[PDB]
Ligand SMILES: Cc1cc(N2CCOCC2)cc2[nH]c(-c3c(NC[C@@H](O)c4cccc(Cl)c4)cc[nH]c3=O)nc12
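Below sits a lone chain in structure tokens, taken as the form solved without the ligand.
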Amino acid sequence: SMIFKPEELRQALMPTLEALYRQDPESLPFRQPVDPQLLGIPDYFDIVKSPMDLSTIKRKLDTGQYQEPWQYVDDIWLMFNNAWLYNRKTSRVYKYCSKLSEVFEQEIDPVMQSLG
């Protein structure tokens, strides 16, 4: 497979993460890991087996933990899928998740094309 350097991936992908951080208030529940004790949802880790959030993804981009860009896409999707799984379909966080996913779908496609 074709190699991707960490600096190359950060430069290309960080603007798509920025697009999510720019969604205010919609990104706010996603900017830090879910804390089930604080949020009063003790069953969270029983339902969501692989937690993910924007701060974790940003750290991985910053430190160079992605070898290829689809690994980043996978983490973004994991974050969305967790929220759609756990939260009720009429809930604020479910709706915020849907908004972030719409933004991501629009931003990510030209970026992935350029990476090749």
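In this text, residue numbers run from 1 along the sequence as written.
As for the form solved in complex with the ligand, it is not shown, yet the points below apply to it.
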Inset, instruction - Using the partner position in the bound PDB entry, report whether residue 8 sits within 4.5 Å of the ligand, counting heavy atoms only. - result: no
Inset, instruction - Evaluate residue 115 for contact with the ligand in the bound PDB entry, applying a 4.5 angstroms cut-off between non-hydrogen atoms, and reply yes or no. - result: no
Inset, instruction - Although the ligand is absent from this view, report whether residue 71 comes within 4.5 Å of it in the bound PDB entry, heavy atoms only. - result: no
Legend entry - 4.5 Å heavy atom contact, residue 45 to the ligand in the bound PDB entry: no
